[PDB]
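S.K.:
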Amino acid sequence: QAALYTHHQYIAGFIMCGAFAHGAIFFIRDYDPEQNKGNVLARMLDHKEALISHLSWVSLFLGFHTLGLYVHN
Amino acid sequence: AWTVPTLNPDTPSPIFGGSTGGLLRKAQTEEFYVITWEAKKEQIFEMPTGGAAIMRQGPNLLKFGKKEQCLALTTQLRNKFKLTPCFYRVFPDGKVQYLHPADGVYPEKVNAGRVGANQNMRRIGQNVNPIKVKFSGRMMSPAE
Amino acid sequence: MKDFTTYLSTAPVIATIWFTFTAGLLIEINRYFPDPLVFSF
Amino acid sequence: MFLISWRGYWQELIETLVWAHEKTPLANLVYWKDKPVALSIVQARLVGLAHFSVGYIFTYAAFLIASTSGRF
Amino acid sequence: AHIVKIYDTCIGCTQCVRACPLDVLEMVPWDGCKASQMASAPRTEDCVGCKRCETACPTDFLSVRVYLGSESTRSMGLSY
Amino acid sequence: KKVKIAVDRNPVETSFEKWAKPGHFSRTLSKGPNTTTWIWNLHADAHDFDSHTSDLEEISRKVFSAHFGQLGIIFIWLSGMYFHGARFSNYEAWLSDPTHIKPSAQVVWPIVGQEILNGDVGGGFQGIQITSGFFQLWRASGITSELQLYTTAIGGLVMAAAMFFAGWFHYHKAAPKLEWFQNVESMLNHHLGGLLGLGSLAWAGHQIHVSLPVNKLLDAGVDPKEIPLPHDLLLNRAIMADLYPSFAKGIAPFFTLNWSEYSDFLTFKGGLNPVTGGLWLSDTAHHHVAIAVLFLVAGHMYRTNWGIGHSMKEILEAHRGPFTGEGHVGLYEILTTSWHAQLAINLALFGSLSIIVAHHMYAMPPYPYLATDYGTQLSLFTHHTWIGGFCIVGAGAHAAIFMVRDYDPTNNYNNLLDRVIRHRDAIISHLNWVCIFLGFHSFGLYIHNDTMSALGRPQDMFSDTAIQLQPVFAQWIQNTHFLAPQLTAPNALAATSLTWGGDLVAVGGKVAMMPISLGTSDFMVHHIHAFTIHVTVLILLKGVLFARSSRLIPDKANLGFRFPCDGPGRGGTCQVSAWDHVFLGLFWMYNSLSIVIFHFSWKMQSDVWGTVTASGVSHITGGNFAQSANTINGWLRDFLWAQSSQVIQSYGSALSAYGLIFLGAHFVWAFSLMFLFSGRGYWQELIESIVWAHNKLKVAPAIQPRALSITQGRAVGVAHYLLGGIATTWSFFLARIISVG
Amino acid sequence: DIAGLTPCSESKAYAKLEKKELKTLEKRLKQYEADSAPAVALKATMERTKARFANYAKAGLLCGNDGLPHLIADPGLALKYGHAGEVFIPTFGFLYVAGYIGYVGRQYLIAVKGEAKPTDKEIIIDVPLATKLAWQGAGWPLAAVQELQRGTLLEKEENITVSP
Amino acid sequence: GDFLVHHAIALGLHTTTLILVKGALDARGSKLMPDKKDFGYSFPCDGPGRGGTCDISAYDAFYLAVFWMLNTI
Ligand code: CLA
Ligand code: CLA
Ligand code: CLA
Ligand code: CLA
Ligand code: CLA
Ligand SMILES: CCCCCCCCCCCCO[C@H]1O[C@H](CO)[C@@H](O[C@H]2O[C@H](CO)[C@@H](O)[C@H](O)[C@H]2O)[C@H](O)[C@H]1O
Ligand SMILES: CC1=C(C/C=C(\C)CCC[C@H](C)CCC[C@H](C)CCCC(C)C)C(=O)c2ccccc2C1=O
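Line by line, the protein sequences are chains A, B, C, D, E, F, G and H.
For the first sequence, the entry's author numbering begins at 369 and goes up steadily by one.
For the second sequence, the entry's author numbering begins at 103 and goes up steadily by one.
For the third sequence, the entry's author numbering begins at 1 and goes up steadily by one.
For the fourth sequence, the entry's author numbering begins at 663 and goes up steadily by one.
For the fifth sequence, the entry's author numbering begins at 2 and goes up steadily by one.
For the sixth sequence, the entry's author numbering begins at 11 and goes up steadily by one.
For the seventh sequence, the entry's author numbering begins at 63 and goes up steadily by one.
For the eighth sequence, the entry's author numbering begins at 516 and goes up steadily by one.
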């Protein structure tokens, strides 16, 4: 039980970060803005700083208030 | 008036007791680059391969294994001492090639007669996307 | 001493005065209010 | 080592090894075909991340199997 | 053989040529600037790609531009 | 008079006008910020006095008054410890029972529950049990009262304001000229004679007239309020003649050369004082007398204003040989017009002195009741190895700065310094080999012992019951230096320490010092020490000799000392600068000194320290060093896991602060890996994504957010690596050794 | 008793742990004279300790299987069962002070951009200006939601982008 | 104890996506380097210029996440 859970979590961990890796290779090698005028994929690149700054708020809020509670404890 | 000076290896070396940072076996197989300058007075410069050599009056012949090792020598021979050197490229079949003032004038100043290779008559922000240059035989930058 | 008050109004000096203010305020409150885990009345 | 030390400390260190190989007597019989250069910048990321990750996995899997089966 | 391609945003202040430690760059006449000059890279066979050129270009979104291509014995900077 | 006082009256107006303008020292900083790299370059370039100006006189005046600032801060720091030694301590109670009452001089305030850090240290007192060993200085100084600690604390505040005056005076009001500083003959004659010579003459006079009669009455057993005050030990010669009966002869046996009549209180006893565990104080008194006569003699060596004495330009230029060309010609001129060339040689030996100090104080504990305090012994070793280790890396850093900035290829032609550069490939590569030779043949012995013990083959290990690699040479020296009072030092009553052999000293039912037997585990770990030091030498010396040029980058000195790189070209040129080699050397200094202090803290607890019962003395860890230090798993089990059980379950006690910093520095260490692994061009783009959300809500700052520089993010990284690394071992050592020792 | 819990005034492992701590303090207290300040300090520690247990049971904090005060961070289970002081009162006691520091720091940056060189007044904080915005920012939610209604809080797409 | 660790998992999930979605979105360029698409996915840097561009590529933005992935799992 210990091996079969931990195996398919790191196997899940490596596969999930490769989805974003080959998602990042998509925007360089395969993305065409003239083909993708105004779709949902280009609106991702349009408000792309709103995505990253709101992730950077959630990650910063959680790290402040999870570590801060453990250090308090 | 200027064209393509040749070399004699008769010209004396700077007085330098030899360093371990000098040539290697690449000089005997691939290429090694020799450098000449005309010194007015006897003074002490730094070897780019570590140490210090003294130059003597008249021509001075020195040899290296890289191109940066010669141009990082002329950089301290032109800026510090206001000499006018030029370095060549020697192949082990005896062939020699003239390199640095390749049209006489140093490359910071216009010669009006050198040809403008490797230029784009367009702006760097106006490159194409890599989807257009995909399957170009080899992997290829969109700036081509 | 106008130039000396500019130094007192720089960034690290106001930082080390205001942090002695804000810690020193919370230290005195946590003296006269021992261990506030939950907001009482 | 591939993550804190980066490439250019190592390329200078190899240039001394090339010297000490090309000037050593009786080892000048031996010479390489591919020239020894240091591992590139992107490679040092990958080689260091692989040593990070393999050693991460083998550490915890050793602790996971032996702490469970040690008392069970 | 690295790929050095420069662009029309050049102003011809020739700081890239003076910064190039390998004589990759030189100054060619060109009417699109006050200094009447634009760089050129006839010696990209000798380039290492150390990018001292585009540390020195003043123009926003650098005019000189170095693309790291396939490395020969001169591009890897080898005395051996 | 070529050697003469030469100052300049009022060079700088004493004014607050330049405190209004930060970055005033440099051209690049005085125009204000536009970027958060301004305020980091402000603190980075602040004390880079060679980079502010070009004038060597203006540099020299800046480093002369900054040294009064460092001394003035040390006088505050000393006066704190005497004051916290006076008003918040148990030094009154500690002297009466210095076997049971734990030394404590820090008391915390009862606010958030942090008063639990006031442990039950004994002596009717609660406070943090200190480990810096001031109470053992003060019994060696014969303090005996908290009045004496308070008066020398006020004497420390007075001296600190005098030092702050002196740096103010010798910079702003009357600052010296350049040729004052360039009298290195006059500086060494004054520092060897006046500082070191008259200092150890004066301290011996403190040890003759104060500490010897006080500590003779403490060893004979007198309550400290009943001992005569030390000024009564001056005014009354008849009191001193009661303890040592040769003060009745006065100072007549000195001038009549009847120095053998002083044998009562200038002795050559050796070993240890068995009442108190420390060295004999009359031994240390004859020490500092003979040290003083040596340095006052050596302080009349160099020529200043009369023709007698040596001249260091002639001394250097005459020592030349057939192998080295010009010899030492030109080293006087670079050790006189360059501070970094001075700072490199100074930090080398002053760092090497600190490791001499650390090794010579566990073995010959100079202070009364120092050796039985296992907490003080562990900290005074460990501290003085690290303070040595940083200063040795500082020698490698500021020697490289000499090669970049103040090196002159003109005046250095075929001297030693020019010829070292010309065979720098032979230097590094033969050092490269011996590091790889020491790499396999020291650490691979541990991998061999790990594999053989895991493969069920304990007879094939490298241990004492197996393939025996004995330290034959060091075991030979212990057989000689213990037999040294036989015929090579016939006037010694005992050996120079007790590590060489003999019997142990039992003070308070605990071992002060017992002999140390070296085995195959001691063989392997000393070659681990030889390995990690040679690699630390390899990195730092590569940064010194390839500071200016290499086959990789020929124009490296034009790029300066601290630059990141020369770009991704020629394969990549990350970390090629001479700053970056003393970046990497800090990890190996961390790696070398951690194994030094681990080999100290486990050899002592296995083979030296521990309680004595006169019934088969037992040690702290039971005597398991040579049995277990063969394997990396022995260092894992028996040292890092077995001894960590006093830092991890120390909560609810006074040692619970050490449990926090144990987690605290495990955090800060790992926090550094964010900086040591990642790079700037990531973090700059992430700032752009959050400047965007600050642009959107109109809170865009004027000092524009940039990511930390390439060399800065490395410098932040190694600073948090060392702070998180060392404070882990700090809290591990002290929570171990305060409880079990 | 909300989520498998119990009042700390009603659980017994809470009172067992209170008697555990006071046992550790008293066996530490025994080494000192009854006049001595190392014993005056420990008896003052106890009266801070025993009042702390009295005050946690007074507020009706929830204990559980381990006898420790457990918090309920949900409105509707804290408003209904009388526990808004655990989380729901300090979640607005914080967010007053938090946006206060944000608004004062906002108003200091907005009122410094219309100057000669505003980067100088981020080093040298204009103390008569900064304290003036510090006091008068005490009604910052009353000022922000009025700025929220205009369109002057959010700057438009003058903001800087890369390649949309 | 399970309150605190699921938020720590939530920290590790939101931060690993922060690194990766930034590696996807800023794969084509940032204000630091507006032609990142011209070099490709896996390039070392863009030199020491413009303040220094260590780890600027989307490959180097992917690899930082593997540390924060192995942390999270
Ligand atoms: C369905 C699975 C799948 C497929 C088909 C691909 C396919 C591809 N990927 Mg991708 N990738 C995947 C999953 C996948 N990936 C996952 C799960 C991740 C996250 C870990 C990635 C992360 C990733 C990156 C970051 C990149 C690619 C790239 C590539 C392309 C080049 C292939 C390559 O470099 O191989 C060659 C692979 C190797 C030589 C292996 C390297 C060594 C690895 C780490 C194994 C080491 C294990 C070690 C030796 C264990 C032994 C220990 C010992 C003690 C026992 C190719 C299109 C590259 C690309 O397209 O460039 C633009 C690229 O940059 N991938
Ligand atoms: C233990 C190590 C460690 C820690 C603490 C972090 C922490 C963080 N990383 Mg990570 N990181 C690490 C290792 C670590 N990383 C490693 C090894 C890598 C691979 C290189 C990365 C790669 C990486 C990337 C690529 C990214 C992060 C991000 C983040 C941030 C996530 C937001 C957050 O939780 O904020 C909470 C932060 C904290 C709680 C730390 C602050 C500590 C206290 C609260 C500060 C005040 C204490 C005290 C007063 C200061 C004393 C100093 C002085 C006064 C003496 C945070 C700063 C992301 C980011 O920026 O998100 C915003 C991001 O994009 N990291
Ligand atoms: C006699 C001692 C001595 C002296 C006078 C100097 C003097 C100098 N060093 Mg030097 N150095 C020393 C020892 C010394 N060093 C040692 C022991 C090392 C090895 C670690 C170095 C390594 C070193 C490097 C690598 C560099 C210098 C540089 C410099 C110059 C400028 C320093 C500056 O402005 O920083 C101002 C001071 C600071 C920025 C403070 C740094 C903050 C530290 C790292 C944090 C640690 C503080 C504390 C221990 C942690 C706890 C604090 C708490 C709040 C958490 C100056 C000539 C620099 C130079 O010349 O540039 C060309 C440079 O790059 N030195
Ligand atoms: C015999 C005379 C004498 C004595 C005792 C000293 C002592 C000292 N010098 Mg020194 N020096 C002397 C002559 C002397 N010097 C001469 C003749 C020159 C010119 C060639 C110099 C040039 C010089 C420089 C350039 C520097 C020193 C430094 C130092 C200090 C070393 C720091 C240390 O190890 O802490 C030892 C600390 C103590 C022993 C504490 C006691 C301090 C006493 C009270 C002050 C020193 C006595 C003073 C020289 C006598 C004049 C008194 C004054 C009122 C006029 C130390 C205070 C360094 C220093 O720290 O700068 C401040 C330094 O950078 N000296
Ligand atoms: C535990 C991690 C680790 C290890 C093993 C190494 C290993 C090494 N480092 Mg290193 N380094 C590390 C972390 C580590 N580093 C870190 C974290 C940093 C960051 C600052 C550095 C920075 C650094 C620098 C800056 C330098 C080194 C150097 C060295 C080398 C000297 C030691 C040597 O030759 O011994 C030999 C190797 C070992 C003892 C490793 C164990 C191998 C065993 C004994 C036997 C080999 C196995 C056998 C062949 C079976 C193979 C099986 C087959 C299937 C292939 C060596 C390659 C120095 C160097 O290269 O010059 C000498 C050097 O200059 N490193
Ligand atoms: C800084 C100058 C260097 C020299 C160091 C001088 C330090 C100042 C010390 C002064 C303290 C008085 O010192 C001196 O007082 C008495 C007068 O001789 C001596 O006392 C002695 O002389 C008295 C009369 O002769 C008699 O009571 C006894 O013989 C004896 O007590 C002390 O043996 C000596 O300590
Ligand atoms: C995290 C990280 C950063 C980001 C770090 C940022 C830029 C700095 C960290 C915070 C600084 C210290 C600002 C915080 C304090 C300011 C003075 C503002 C104070 C305001 C109140 C707190 C008083 C890098 O810039 C970097 C660069 C190169 C290699 C690795 C890294 C790296 O790992």
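Even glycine gets a Cβ: it sits at the ideal position worked out from N, Cα and C.
Going by the DSSP bridge assignment, what does residue 417 (chain F) pair with across the sheet?
M.R.: Partner(s): none; residue 417 (chain F) has no beta bridge.
S.K.: Could you pull out every residue in the same chain whose Cβ sits closer than 7 Å to the Cβ of residue 803 (chain F), ignoring the five residues on either side in sequence?
M.R.: Residue 803 (chain F) is absent from the structure shown; chain F starts at 11 and stops at 751.
S.K.: Using a Cβ-based criterion (distance less than 6 Å to any ligand heavy atom), does residue 158 (chain B) qualify as near ligand 7?
M.R.: Checking every heavy atom of ligand 7 against the Cβ of residue 158 (chain B), none is found closer than 6 Å.
S.K.: By Cβ distance, which residues of its chain are closer than 8 Å to residue 424 (chain F), with the 5 residues on each side in sequence left out?
M.R.: So the list reads 335, 336, once near-sequence residues are dropped.
S.K.: Excluding the five sequence neighbours on either side, which residues of its own chain have a C-beta within less than 8 Å of the C-beta of residue 680 (chain F), listed in chain order?
M.R.: Closer than 8 Å at Cβ, skipping near neighbours: 734.
S.K.: So for residue 320 (chain F), helix, strand or coil by DSSP?
M.R.: Three-state result, residue 320 (chain F): strand.
S.K.: With 16 other CB atoms within 10 Å as the buried threshold, where does residue 723 (chain F) fall?
M.R.: Classification for residue 723 (chain F): buried.
S.K.: Distance, Cα to Cα, residue 301 (chain F) vs residue 691 (chain D)?
M.R.: Rounded to whole angstroms, residue 301 (chain F) to residue 691 (chain D) spans 59 Å at the Cα level.
S.K.: Please decide whether residue 564 (chain H) counts as near chain E, where near means a Cβ-Cβ distance under 7 Å.
M.R.: Yes, residue 564 (chain H) lies at the interface with chain E (some Cβ there is under 7 Å from its Cβ).
S.K.: Please work out which residues of its chain come closer than 7 Å, Cβ to Cβ, to residue 549 (chain F), disregarding the five sequence neighbours upstream and downstream, and give them in chain order.
M.R.: Closer than 7 Å at Cβ, skipping near neighbours: 591, 594, 595, 598.
S.K.: From residue 703 (chain F) to residue 47 (chain F), what distance separates their C-alpha atoms?
M.R.: Approximately 21 Å, taken between the alpha carbons.
S.K.: Check whether the region 549 to 561 of chain F and the region 427 to 438 of chain F touch, using three or more Cβ-Cβ pairs below 8 Å as the test.
M.R.: In short, these stretches touch, since the Cβ pair count reaches three.
S.K.: Below 8 Å on the Cβ atoms is my contact criterion, and I expect residue 558 (chain H) with residue 389 (chain A) to pass it. Report the Cβ-Cβ distance as a whole number of Å.
M.R.: Rounded, the Cβ-Cβ distance is 15 Å, inconsistent with contact.
S.K.: Out of F:44, F:566, F:578, which one is the CA nearest neighbour of residue 669 (chain D)?
M.R.: Taking only the C-alpha atoms, the option nearest residue 669 (chain D) is F:578.
S.K.: Alpha carbon to alpha carbon, how far is residue 520 (chain H) from residue 161 (chain F)? Give it in angstroms, no decimals.
M.R.: Near 55 Å, if we compare the C-alpha coordinates of residue 520 (chain H) and residue 161 (chain F).
S.K.: Straight-line CA distance for residue 717 (chain F) to residue 732 (chain F)?
M.R.: Answer to the nearest angstrom: the Cα atoms are 22 Å apart.
S.K.: Taking beta-carbon pairs under 7 Å, can you tell me which members of the region 705 to 736 of chain F lie near chain A?
M.R.: Hits within the stretch: zero.
S.K.: I need the straight-line Cα distance from residue 211 (chain B) to residue 432 (chain F), nearest angstrom please.
M.R.: Each residue's alpha carbon lies about 36 Å from the other.
S.K.: Scan the region 196 to 279 of chain F and note each continuous alpha helix (DSSP H) run of 4 residues or more that stays entirely inside, going in chain order.
M.R.: As far as the region 196 to 279 of chain F is concerned, its whole alpha helix (DSSP H) runs of at least 4 residues are 208 to 216, 222 to 230, 242 to 245, 247 to 253, 262 to 265.
S.K.: So residue 520 (chain F) is in the beta strand (DSSP E); what residue range does that whole segment cover?
M.R.: Looking at the DSSP string, the run of the beta strand (DSSP E) that includes residue 520 (chain F) is 520 to 523.
S.K.: Find the nearest neighbour of residue 110 (chain G) within the set F:53, F:60, F:125, F:715, judged by alpha-carbon distance.
M.R.: The candidate whose alpha carbon is nearest that of residue 110 (chain G) is F:125.
S.K.: First and last residue of the beta strand (DSSP E) that includes residue 189 (chain B)?
M.R.: It spans 188 to 192 - the beta strand (DSSP E) in which residue 189 (chain B) sits, taken as one unbroken run.
S.K.: Measuring alpha carbon to alpha carbon, tell me which of B:169, B:182, B:176 ends up nearest residue 75 (chain E).
M.R.: Nearest option by C-alpha distance: B:169.
S.K.: Using alpha carbons as the reference points, say which of C:11, C:38, C:40, C:23 lies closest to residue 31 (chain F).
M.R.: The candidate whose alpha carbon is nearest that of residue 31 (chain F) is C:11.
S.K.: Please indicate yes or no: does the CB of residue 599 (chain F) lie closer than 6 Å to some heavy atom of ligand 5?
M.R.: For ligand 5, not one heavy atom lies less than 6 Å from the Cβ of residue 599 (chain F).
S.K.: Can you tell me which residues form a DSSP beta bridge with residue 41 (chain E)?
M.R.: The partner list for residue 41 (chain E) (beta bridge, DSSP) reads E:27.
S.K.: Give me the DSSP bridge partner(s) of residue 12 (chain C).
M.R.: Answer is none; residue 12 (chain C) lacks a bridge partner.
S.K.: Using a Cβ cut-off of 8 Å, pull out every chain F residue sitting near residue 177 (chain B), in sequence order please.
M.R.: Under the 8 Å cutoff, chain F gives 565, 568.
S.K.: Give a yes or no on whether 7 Å exceeds the smallest Cβ distance from residue 661 (chain F) to chain H.
M.R.: Answer no: the Cβ-Cβ gap between residue 661 (chain F) and chain H never drops below 7 Å.
S.K.: With a floor of 3 residues, list each beta strand (DSSP E) that falls wholly inside the region 156 to 198 of chain F, ordered by position along the chain.
M.R.: Counting whole runs of 3 or more residues, the region 156 to 198 of chain F contains the beta strand (DSSP E) stretches 184 to 186.
S.K.: Mind pulling the chain A residues with CB within less than 9 Å of residue 540 (chain H)?
M.R.: Those within 9 Å of residue 540 (chain H) in chain A are 392, 395, 412, 413, 416, 417, 419, 420.
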